[PDB]
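Taking it in order: structure first as structure tokens, then the write-up.
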Amino acid sequence: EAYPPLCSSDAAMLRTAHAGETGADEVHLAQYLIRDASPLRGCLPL
Amino acid sequence: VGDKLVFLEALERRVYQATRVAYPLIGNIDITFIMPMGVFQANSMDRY
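Line order of the protein sequences matches chains D and B.
When you line the first sequence up against the authors' numbering, it's residues 1349 to 1394, in that order.
When you line the second sequence up against the authors' numbering, it's residues 387 to 434, in that order.
What follows is the structure, encoded as structure tokens:
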């Protein structure tokens, strides 16, 4: 088995954000992001 | 601190008062820094 990881299908989802972190959960204008089922959310440092 | 007992001193006590001498414990730290001037985008996904 393999848990679904987090990845970006393209490099255009970094349009809208807040504070100092990018925000894109599962939707995009032309792509989609796979949510990480595993609780390893301590990645992508600011 | 922790479980032991220690003491400390200072340079602002009765000694070393009103002395015209160079201040010790002085260090200089330099870090290299880059500076761009504006790079045009190469992909068309950054303008929509």
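A virtual CB, placed ideally from N, CA and C, is assigned to each residue, including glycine.
Check: With a cut-off of 8 Å on the beta carbons, I'd call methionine 431 of chain B and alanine 1359 of chain D a contact; round off their distance for me.; Outcome: 6 Å
Check: If the cut is a Cβ gap below 9 Å, which residues of chain B does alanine 1365 of chain D touch?; Outcome: The contacting residues do not exist; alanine 1365 of chain D stays about 14 Å from chain B at best.
Check: What does the Cβ neighbour count give for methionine 421 of chain B, buried or exposed, with the cut at 16 atoms within 10 Å?; Outcome: exposed
Check: Rounded to a whole number of angstroms, what is the C-alpha to C-alpha distance between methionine 423 of chain B and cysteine 1391 of chain D?; Outcome: 31 Å
Check: Any idea what DSSP makes of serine 1356 of chain D, helix, strand or coil?; Outcome: strand
Check: Three or more C-beta pairs closer than 8 Å, one from the region 1366 to 1385 of chain D and one from the region 397 to 405 of chain B: is that the case here?; Outcome: no
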